[PDB]
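Presented below is the structure to which this report refers.
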Amino acid sequence: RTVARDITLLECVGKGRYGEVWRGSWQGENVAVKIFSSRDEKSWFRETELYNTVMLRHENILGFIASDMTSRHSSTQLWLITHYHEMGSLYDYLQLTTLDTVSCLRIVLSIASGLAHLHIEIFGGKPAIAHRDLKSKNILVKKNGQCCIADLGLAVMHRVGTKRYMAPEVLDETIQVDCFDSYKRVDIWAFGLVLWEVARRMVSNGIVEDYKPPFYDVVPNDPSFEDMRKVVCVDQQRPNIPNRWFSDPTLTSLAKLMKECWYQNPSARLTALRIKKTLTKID
Amino acid sequence: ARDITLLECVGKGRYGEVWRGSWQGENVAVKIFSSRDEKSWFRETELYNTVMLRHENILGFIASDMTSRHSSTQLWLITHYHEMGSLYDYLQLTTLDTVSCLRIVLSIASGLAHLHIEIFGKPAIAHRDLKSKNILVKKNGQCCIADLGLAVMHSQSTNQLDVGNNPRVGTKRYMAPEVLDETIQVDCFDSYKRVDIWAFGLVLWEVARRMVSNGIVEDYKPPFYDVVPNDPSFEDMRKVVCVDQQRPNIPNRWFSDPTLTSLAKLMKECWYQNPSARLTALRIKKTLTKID
Ligand SMILES: COc1cc(-c2cncc(-c3ccc(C4CCN(C)CC4)cc3)c2C)cc(OC)c1OC
Ligand SMILES: COc1cc(-c2cncc(-c3ccc(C4CCN(C)CC4)cc3)c2C)cc(OC)c1OC
Ligand SMILES: COc1cc(-c2cncc(-c3ccc(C4CCN(C)CC4)cc3)c2C)cc(OC)c1OC
Ligand SMILES: COc1cc(-c2cncc(-c3ccc(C4CCN(C)CC4)cc3)c2C)cc(OC)c1OC
């Protein structure tokens, strides 16, 4: 039989220290191709090792197609091939879109769904998985209004995370590194920041906030580890809840939820399953 | 030009299957792993990531893939294709002269020394499943070592030992005494090199039996053919190697031939029960370079 392996790389949709992501074509179908930098080869290895352990399949997890290693004259080429989401990342989408109540809830409950699926151990099944780099750039928007979580290059099963989204126990180096629940609690912190980024773009009473990243008002671009530790750990700052949210029942309920993702004490934070239940009772 | 055509199956077993395929007008070998051996696929992929692993006497890598749709996963390794097959196949079919016998065993020693020696790059690498089915014969009369799914890596420069996560064990017939009695020092890189040396000695014996001297040759037999049941168990091998202290017998006709006399001495220095007494791969390579 013929094994068709050619992918046509059509347009670059992302470039960074990780490498590049391309829209590509296989057998008539869009795929996304992440080409890893030498700098970030361990992210390809970790994603590949995880998928070789458990073939994750969930509507709110970016869909795996292939991991490819190709020998070159002087180097090794590493590609991760996934489903392609033409609407791009949640970060991208929130810049130039506002949300209504139904679309806001649909986004955040789909993220919570993906995250709870990662976190839960299923016997028979899947190991429990913590993401360790959850952020709005690592979430893609689907045409049906749900999102999916991407990038398992730092995932742990039972490179450092993006500093802006690091939990206080990561910044003050008190995290219990031998305890798997610690890593779930770091994801919940980051989930709460993403919830804030999305909620700001939900219209109520004719008002909306501009898109801003978490802590935009207290740290520089590319904040240092120290910049973040002083905000999050020493001063114990948290993102602002605008007054206008308290006129809207949905945003009032979301503010309460995000507060319960941001407790200094990691063990006080909500679980992804409790977040899902709370979101199903909103509206 | 990434497409491959699968043309014929050249092997199926517990490992999965190997195909001869076509890739930009060249023969390639395509191994499709069994799901039972998914950890070997990943380990072999980690090993072939190393650009300085490339060597005349190591099977050349082209690509590695993991593919999936729904709940089905396939695991692929694409390599150079050697139509003469494995050393195990070749030795069934042909006898050797002195020049061919030494060319084969020096090439294997050259591959093994290349694996074992760190380049300051390529880590030091112990194979852990050396056997005649894991050695391919090339049209230039040299061989190459295949199957890095059980390999261990070490760097003395950073003091790192990477034993991997693979419950697979070596081929039972070729297991060293410290593997069969499970006293091997698992956190010691030198322990794994010494396991490879034991297995190399057995492969030397398999090859030397097929070298003609004075009009005499032995039939091809696998190591310990005479003393264990067909399809020997772990305990069968432990009995002969560890309890009975058996080693392959040296046919007395070898002692009339200087080459085979030197090879018998060399394979005995691979077979000490004390692993630390065994020769190194570099010493074997140097000794075979001097033997004629
Ligand atoms: C190696 O590399 C790539 C391969 C492919 C690809 C292309 N056609 C067919 C296939 C295929 C799938 C599955 C089987 C099964 C059939 C049932 N049988 C019982 C076991 C085996 C055979 C063939 C694949 C996997 C795509 C790629 O990219 C999209 C690849 O590169 C990453
Ligand atoms: C975070 O991580 C990964 C993401 C993806 C991924 C999957 N679908 C679509 C995309 C994408 C498409 C299109 C735009 C833009 C481009 C300009 N204009 C058209 C607006 C839209 C952006 C983004 C991506 C980047 C793939 C990955 O791996 C293969 C990722 O890594 C795991
Ligand atoms: C990697 O990705 C894609 C792969 C394929 C594809 C190509 N050939 C064959 C297959 C296939 C056939 C049959 C089995 C099974 C069936 C049941 N039992 C007998 C076990 C064996 C598995 C696999 C596939 C899935 C298509 C895709 O898209 C349409 C892929 O997505 C990009
Ligand atoms: C050991 O391991 C791997 C080996 C190979 C490989 C490469 N060239 C040629 C072969 C071959 C071809 C043909 C025969 C013949 C021998 C006589 N008669 C019995 C019919 C069959 C045997 C052997 C193989 C098996 C590829 C691999 O991966 C792609 C291997 O895995 C790393």
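Letters A, B, ... go to the chains of the structure tokens in the order shown; residues in each chain start at 1; ligands are counted from 1 in the same order.
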Hey, which bits of chain A sit within 8 Å of chain B, and for each residue what's the closest pair of atoms and how far apart in Å (one decimal), counting only C-alpha atoms, rows by chain and increasing number, as CSV?
residue,atom,partner,partner_atom,distance
A:1,CA,B:6,CA,5.4
A:2,CA,B:5,CA,4.5
A:3,CA,B:4,CA,5.2
A:4,CA,B:3,CA,4.8
A:5,CA,B:3,CA,4.9
A:6,CA,B:2,CA,5.1
A:45,CA,B:46,CA,7.9
A:48,CA,B:66,CA,7.9
A:49,CA,B:42,CA,7.0
A:52,CA,B:38,CA,6.9
A:55,CA,B:71,CA,6.6
A:57,CA,B:70,CA,6.9
A:64,CA,B:68,CA,7.0
A:65,CA,B:68,CA,5.4
A:66,CA,B:67,CA,4.4
A:67,CA,B:66,CA,5.1
A:68,CA,B:65,CA,4.6
A:69,CA,B:64,CA,5.1
A:70,CA,B:63,CA,4.4
A:71,CA,B:62,CA,5.3
A:74,CA,B:51,CA,6.7
A:75,CA,B:51,CA,6.1
A:76,CA,B:49,CA,6.1
Legend entry - Contacts of ligand 2, 6 Å or closer, only C-alpha atoms and all ligand atoms, given as a PyMOL selection string: chain A and resi 13-14+21+32-34+80-82+84-89+137-138+150-151
Legend entry - Non-local contacts of segment 191-204 of chain B (7 Å; only C-alpha atoms; under 3 positions in same chain excluded) as a list in words: residues 105, 116, 126, 127, 128, 130, 131, 132, 174, 175, 176, 184, 185, 188, 207, 208, 223, 267, 270, 271, 275, 278 and 281 of chain B
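Atom 25 (C, counted along the ligand's line) of ligand 4 is found 24.4 Å from atom CA of residue 165 of chain B.
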Inset, instruction - Write as a count of residues only the residues around ligand 4, taking 10 Å as the cut-off and counting only C-alpha atoms and all ligand atoms. - result: 59
Inset, instruction - Quick one: pull the distance between atom CA of residue 176 of chain A and atom CA of residue 127 of chain A, Å, one decimal. - result: 19.6 Å
Legend entry - strand (DSSP E) per DSSP on the backbone: members of segment 25-170 of chain B, as a PyMOL selection string: chain B and resi 26-33+61-69+72-80+124-126+135-137+143-145+152-155+160-162
